[PDB]
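Okay, structure first, notes after.
The analysis underlying the following values was restricted to heavy atoms, covering all of them including side chains, and did not include hydrogens, waters or symmetry mates. In what follows, chains carry the letters A, B, and so on, assigned in the order in which the sequence lines appear, proteins first and then strands, with residues in each chain numbered from 1.
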Amino acid sequence: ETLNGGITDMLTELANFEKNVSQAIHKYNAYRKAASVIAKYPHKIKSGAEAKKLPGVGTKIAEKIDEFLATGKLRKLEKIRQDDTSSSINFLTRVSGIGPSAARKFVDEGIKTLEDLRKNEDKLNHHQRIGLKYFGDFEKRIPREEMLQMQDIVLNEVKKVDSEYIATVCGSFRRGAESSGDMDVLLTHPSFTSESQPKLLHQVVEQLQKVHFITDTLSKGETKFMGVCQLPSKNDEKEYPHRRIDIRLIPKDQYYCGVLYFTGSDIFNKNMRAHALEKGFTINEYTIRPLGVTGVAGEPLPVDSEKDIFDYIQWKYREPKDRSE
DNA sequence: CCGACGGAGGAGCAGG
DNA sequence: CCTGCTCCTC
DNA sequence: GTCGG
Ligand code: NA
Ligand code: NA
């Protein structure tokens, strides 16, 4: 199970409410931040005062923990769950393309279920229809061995379009995770820099649709594709679940800052650019830049690999498998 | 107290 | 044609 | 909702 999972489930459920119903994004991250640090906490919380010591748990969450520990539930949560409007709004946001704004409008005009969504196709946009059509699959995890094939098809199909493309599958997968939520692909080409072939991403997408790897399109422009993919059925067995795949085209001079940022983790990203500051550097997802007598960032530094970023700030290179914080 | 909390590409709209 | 807005995504 | 300044 998990030492404190009853508490972290309570917080995560509260986070979804603030995000989906209240439209309080910062409260959503507050509950998420508290849920994270408590999931890492290697003891089993016996009081709200104990949890309040941790960074991210404050007065209000400590009192809710005192109540959950004493009675086994949270009344704020109990009243929210039996409120039919709040929870229907919550549920509809699980459809890709339906955020908190669209979810409330739907529930306002009597639309509360997937069945209601299917009876009202006229009121959905293209993204929302694809999210509805694949509602079940998109909530399924991707086992690592399925990522490996998907990765193999992607890089192989990419190389066939041009040997000069470079593609890196990032996310938790690159750190060696047993499963992935989606597939996130970072693409670049030497002919695309910041001081700068006009269909570089389209040609790679075209090829993936042609071998019927990419099945649908959620959004697509010159630098960012968000769509749907599916592995080919072995022909002995049942077909695979449709999966989400994003493909970003990044200038070559910003590629490995991107690969590093979208590899993560978000904690490691936080710590890495923390260290960078103590050494006189600033890193975002695009560049690493020097500071800066008064604190002004200078011109981007040349980066040919991930290790160049580690070397500038004088950090020992760390494998993606060792970058979970 | 009191402001910050990641933030930009693309879809879909308004409007110049 | 263009910019600029919310919304959604990650 | 929480934190740091
Ligand atoms: Na605290
Ligand atoms: Na959604």
Side-chain angles (χ1 to χ4, degrees), chain A residues 10-38 48 51-65 74 76-77 89 92-106 123-132 134 138-139 142 169-174 180-187 200-202 205 216-228 243-251 254 257-258 261-270 272-274 282-287:
Chain A
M10 175 182 72
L11 296 180
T12 298
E13 189 172 346
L14 280 166
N16 295 336
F17 172 83
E18 302 294 345
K19 170 167 69 79
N20 302 327
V21 180
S22 297
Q23 281 174 241
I25 174 62
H26 308 294
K27 295 192 174 191
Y28 155 73
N29 287 323
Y31 281 120
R32 265 216 307 181
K33 198 193 166 183
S36 270
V37 78
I38 289 170
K52 198 181 175 304
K53 284 145 147 88
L54 312 182
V57 179
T59 311
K60 303 283 294 292
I61 289 170
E63 305 190 339
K64 296 182 160 62
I65 289 177
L74 216 243
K76 195 199 182 109
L77 221 41
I89 296 176
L92 292 191
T93 62
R94 293 164 60 179
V95 182
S96 185
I98 301 186
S101 175
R104 163 156 291 130
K105 188 184 182 189
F106 284 139
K123 288 171 151 142
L124 271 54
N125 66 35
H126 177 56
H127 185 152
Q128 292 162 355
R129 299 157 176 215
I130 301 304
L132 171 67
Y134 297 120
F138 288 174
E139 290 194 336
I142 310 166
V169 180
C170 302
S172 63
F173 160 82
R174 188 158 178 268
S180 313
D182 50 25
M183 166 153 284
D184 191 18
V185 183
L186 272 63
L187 185 74
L200 285 157
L201 179 61
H202 168 77
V205 180
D216 304 271
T217 291
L218 297 176
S219 54
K220 176 176 180 293
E222 309 231 0
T223 55
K224 201 167 108 270
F225 164 88
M226 301 174 67
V228 188
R243 314 286 197 178
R244 283 273 295 106
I245 173 164
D246 297 336
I247 306 179
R248 342 190 94 94
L249 184 74
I250 303 165
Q254 297 170 357
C257 284
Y261 174 69
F262 290 106
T263 299
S265 70
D266 293 323
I267 297 179
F268 169 83
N269 280 346
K270 196 272 158 200
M272 185 166 178
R273 65 172 44 94
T282 183
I283 305 169
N284 55 30
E285 88 179 71
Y286 312 105
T287 62

### Task
Please state how far atom CG in A:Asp182 lies from atom P in C:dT9, giving the value in whole angstrom units.
12 Å
### Task
Name all residues meeting the salt bridge (charged side-chain N to carboxylate O under 4.0 Å, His left out) criterion together with A:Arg104; count only those two or more places apart in sequence or in a different chain, and write none if there are none.
none
### Message
Suppose we screen for salt bridge (charged side-chain N to carboxylate O under 4.0 Å, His left out). Which residues come up paired with A:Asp216, at least two apart in sequence or across chains?
### Response
none
### Query
For A:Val95, which contact category applies under a 4.0 Å heavy-atom criterion: base, sugar-phosphate, or nothing?
sugar-phosphate
### Task
If C:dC5 has a Watson-Crick or G-U wobble mate with both distances under 3.5 Å, name it; if not, just say none.
B:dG12
#### Entry: For A:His126, side-chain hydrogen bond (donor to acceptor under 3.5 Å, both in side chains) partners two or more places apart
none
### Task
Mind telling me the pucker class of C:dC7, north or south, from the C1'-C2'-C3'-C4' torsion?
south
### Task
Please report the shortest heavy-atom distance between A:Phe225 and A:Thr217, naming the atom on each side.
CE1-OG1, 3.7 Å
### Separation of atom CZ in A:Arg273 from atom P in B:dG6, rounded to whole Å
11 Å
### Query
Is A:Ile25 touching bases, backbone alone, or none of the nucleic acid, heavy atoms closer than 4.0 Å?
nothing
### Interatomic distance, A:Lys27 NZ vs B:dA4 P [rounded to whole Å]
18 Å
### Query
Under the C1'-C2'-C3'-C4' criterion, what is the pucker of the sugar in C:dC1: north or south?
north
### Message
Using side-chain heavy atoms (C-beta onward) and a distance below 4.5 Å, is A:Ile38 in contact with A:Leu11?
### Response
yes
### Task
Assign A:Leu14 to base, sugar-phosphate, or nothing according to its heavy-atom contacts below 4.0 angstrom with the strands shown.
nothing
Protein-nucleotides 10-12 of chain B N/O pairs closer than 3.5 Å?
unit_1: B:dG10; atom_1: OP1; unit_2: A:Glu222; atom_2: N; d: 2.9
unit_1: B:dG10; atom_1: OP1; unit_2: A:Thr223; atom_2: N; d: 2.9
unit_1: B:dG10; atom_1: OP1; unit_2: A:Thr223; atom_2: OG1; d: 3.3
unit_1: B:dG10; atom_1: OP1; unit_2: A:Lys224; atom_2: N; d: 3.1
unit_1: B:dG10; atom_1: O3'; unit_2: A:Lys220; atom_2: N; d: 3.3
unit_1: B:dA11; atom_1: OP1; unit_2: A:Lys220; atom_2: N; d: 3.0
unit_1: B:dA11; atom_1: OP1; unit_2: A:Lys220; atom_2: O; d: 3.0

### Query
Which whole-number value in Å describes the distance from A:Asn269 CG to B:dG6 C1'?
11 Å
#### Entry: Atom pair distance, as rounded to whole Å: CZ in A:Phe106 and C1' in C:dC8
13 Å
### Task
Write down the distance separating the P atoms in D:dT2 and B:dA8, rounded off to the nearest Å.
28 Å
### Message
Restricting to side-chain hydrogen bond (donor to acceptor under 3.5 Å, both in side chains), what partner residues turn up for A:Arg273, sequence neighbours left out?
### Response
none
### Sugar of B:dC5, sorted north or south by the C1'-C2'-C3'-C4' dihedral sign
south
### Message
Going 5' to 3' along DNA chain D, between which two nucleotides do contacts with chain A fall, using a heavy-atom cut-off of 4.0 Å?
### Response
D:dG1 to D:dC3
#### Entry: Rounded distance in Å between the P positions of C:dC10 and B:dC5
23 Å
### Task
For A:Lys105, check side-chain hydrogen bond (donor to acceptor under 3.5 Å, both in side chains) against everything at least two apart and list the hits.
none
### Sugar-phosphate only, base, or nothing, as touched by A:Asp246 at under 4.0 Å among non-hydrogen atoms
sugar-phosphate
### Task
Mind calculating the distance between CG (A:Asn29) and P (C:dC10) to the nearest angstrom?
15 Å
### Message
Please enumerate all residues that pass ring pair (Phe, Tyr, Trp, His ring centres under 6.0 Å) together with A:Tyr134, with sequence neighbours excluded.
### Response
A:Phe138, A:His242
### Query
Under 4.0 angstrom, heavy atoms only, what part of the nucleic acid is A:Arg244 near: base, sugar-phosphate, or nothing?
sugar-phosphate
### Query
Which residues satisfy the side-chain contact (heavy atoms from CB on, under 4.5 Å) test with A:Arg32, sequence neighbours excluded?
A:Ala15, A:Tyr28, A:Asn29
### Query
Heavy-atom distance under 4.5 Å between the side chains of A:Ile250 and A:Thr223, does that happen here?
no
### Task
Grab the CD1-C1' distance between A:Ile247 and C:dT9 for me, whole Å please.
16 Å
### Message
Considering every strand and a 4.0 Å limit on heavy-atom distances, what is the contact class for A:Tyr28: base, sugar-phosphate, or nothing?
### Response
nothing
#### Entry: Sequence neighbours excluded, every pair satisfying salt bridge (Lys or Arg N to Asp or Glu O under 4.0 Å) that has a member inside residues 10-23 of chain A
A:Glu13-A:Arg81
Below 3.5 Å between N/O atoms, which protein atoms pair up with nucleotides 5-7 of chain C? Just atom names and distances, please.
none

### Message
Rounding to an integer number of Å, can you tell me how far A:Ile89 CD1 sits from C:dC8 P?
### Response
12 Å
### Message
The criterion is side-chain hydrogen bond (donor to acceptor under 3.5 Å, both in side chains); which residues satisfy it with A:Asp246, sequence neighbours excluded?
### Response
A:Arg244
### Query
CG/A:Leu132 to CD1/A:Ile98 distance, rounded to the nearest 0.5 angstrom?
7.5 Å
